[PDB]
């Protein structure tokens, strides 16, 4: 373990602050770490607080992946971070190459397609929900996001932005991929023809499309769109937050996305 200051550990104090270096980034907490490693994300070294029980399985995973792991005493860990108290566990990872359609095609499970969603808070929460409910990947269209390593997005996603393919794509390219991949594009809308409760019956791999406005997504998607899906509300004149709408849709598909895996 290291209790002194620094040693060469200074790297941690470099990749964390509002520095510049992009090649590396910090991923906090055990679960984001576990899922990152599982997704092939390369790590330089994983750390942990000597005042916290280092998760047995992370230690093991890192072991079977040749990932070095060192303990750090409380005082130094407290110096870092704050005031979210503690990460208690974290690692230095090389920022992966941009995700591609190929990363989604080779995986199994529904695909989440966002169109016009720009608020990082929504995108972040959507990343978490998609991962937790068994989505294969996410395709972002018109999100104003240039890179997925955007720290705002990393933080908004609880550090899960690398745990599943998040592809930045143009509208036409996304449509072409979905079309030629054999997936069934489903447009979720408050005034959709089909009840969201009927999604569980669908045996096909689905591409669930969401917008940012109650009129979204772009009507230009209607061409590729196979059907419109609606989430029942008190009245269909209301609407739900896109992240909330995503959660319900994926919730209805949970069995199909578990069967896929």
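Positions refer to the first chain, counted from 1.
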item	value
Which of 104-112 and 68-76 has higher mean CA B factor, as the PDB entry lists it	68-76
Entry-level comparison of average CA B-factors, 160-168 and 116-124, reporting the higher stretch	116-124
82, 152, 179, 189, ranked by C-alpha B-factor: the highest one	82
Selection from 203, 215, 40, 32 [criterion: highest C-alpha temperature factor in the record]	215
Entry-reported Cα temperature factor of residue 231, expressed as the chain third it lands in	lowest
Residue 209 by Cα B-factor - lowest, middle or highest third of the modelled chain	lowest
Chain third (lowest, middle, highest) by recorded CA B-factor, residue given as residue 245	lowest
Assigned third (lowest, middle, highest) for the C-alpha B factor of residue 140	middle
Third of the chain, ranked by Cα B-factor, where residue 27 sits	lowest
